[PDB]
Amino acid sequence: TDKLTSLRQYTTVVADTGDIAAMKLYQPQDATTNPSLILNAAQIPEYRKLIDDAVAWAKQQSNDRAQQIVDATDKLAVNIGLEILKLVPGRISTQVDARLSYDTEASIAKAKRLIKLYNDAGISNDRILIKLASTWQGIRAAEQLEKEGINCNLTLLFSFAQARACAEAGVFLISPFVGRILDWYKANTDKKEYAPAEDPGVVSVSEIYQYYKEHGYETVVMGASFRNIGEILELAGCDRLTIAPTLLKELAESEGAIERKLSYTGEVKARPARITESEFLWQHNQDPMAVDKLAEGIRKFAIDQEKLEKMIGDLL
């Protein structure tokens, strides 16, 4: 049989898309969206009914234009989540407005707003992960949300500082990125091609996994962002991996069995004192790749949120 089926022996497979066709086809445990994927999903013609439901619901919630745009985009992201939840047994990840990434209180508020929308549609909190960028502020938002029974997916995770802070905050799940790390190394070093074991994204997720297991942290490690099946296969054994349909297709069509790569067997070690905000800021900014890419992912996801608001704006 196939590499996708072999991988599911070791790793829970998650679909990185807003497209329901992919859920029918690959039957993943969970799904992840983000604002770019939400923007792309809104172009699917069969999803016009979901945009229409969102716009109509928004107009019923208030008579103010600014608030209707905000309500409709939020409701659209949730509507897509609801469709996906019909087809996956596990969780949907839905990302908060990236414009709030450096504001803890606004992020907590928005996370709660989305959770309410899901709850009001009949969905309980154990079906949802609210996606927040792994800034200090997002990590603080998440720590508080976890205490209020809202589980979070900490995304755009590039630096070890970020990984340590998320563990210490007790977040439900992290999404350490692989492909964007590779992207950065190509664009900023001499070395433009990498064996899978040398892929610096793969090295990053592997080192994070080890650290998490060796200190007994229970935060789920979900590798995300992939450029090729080599990266994915080198990470077999990661708790979860979220994978775009293109690469799911490739795995499903490749014959053969693969080995588990990622494991920890040793003793549980003593945890250190919690990293403080100053230590975290210092160690994060030691990593020029992480500096660039965290900020960039936030900028891009915000642009896509604006585009989503422009689109909705034209329909009110």
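Numbering starts at 1 and follows the sequence shown.
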property: Stretch exceeding the other in mean C-alpha B-factor - 283 to 291, 33 to 41; result: 33 to 41
property: Stretch exceeding the other in mean C-alpha B-factor - 131 to 139, 235 to 243; result: 235 to 243
property: Residue with highest C-alpha B-factor in the PDB entry, from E198, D103, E146, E218; result: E198
property: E207 by Cα B-factor - lowest, middle or highest third of the modelled chain; result: middle
property: Within-chain third of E277 by Cα B-factor, per the entry; result: lowest
property: Cα B factor band for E306 (lowest, middle or highest third within the chain); result: middle
property: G122 - Cα temperature factor, lowest/middle/highest third of chain; result: middle
property: Lowest, middle or highest third - CA B-factor, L85; result: highest
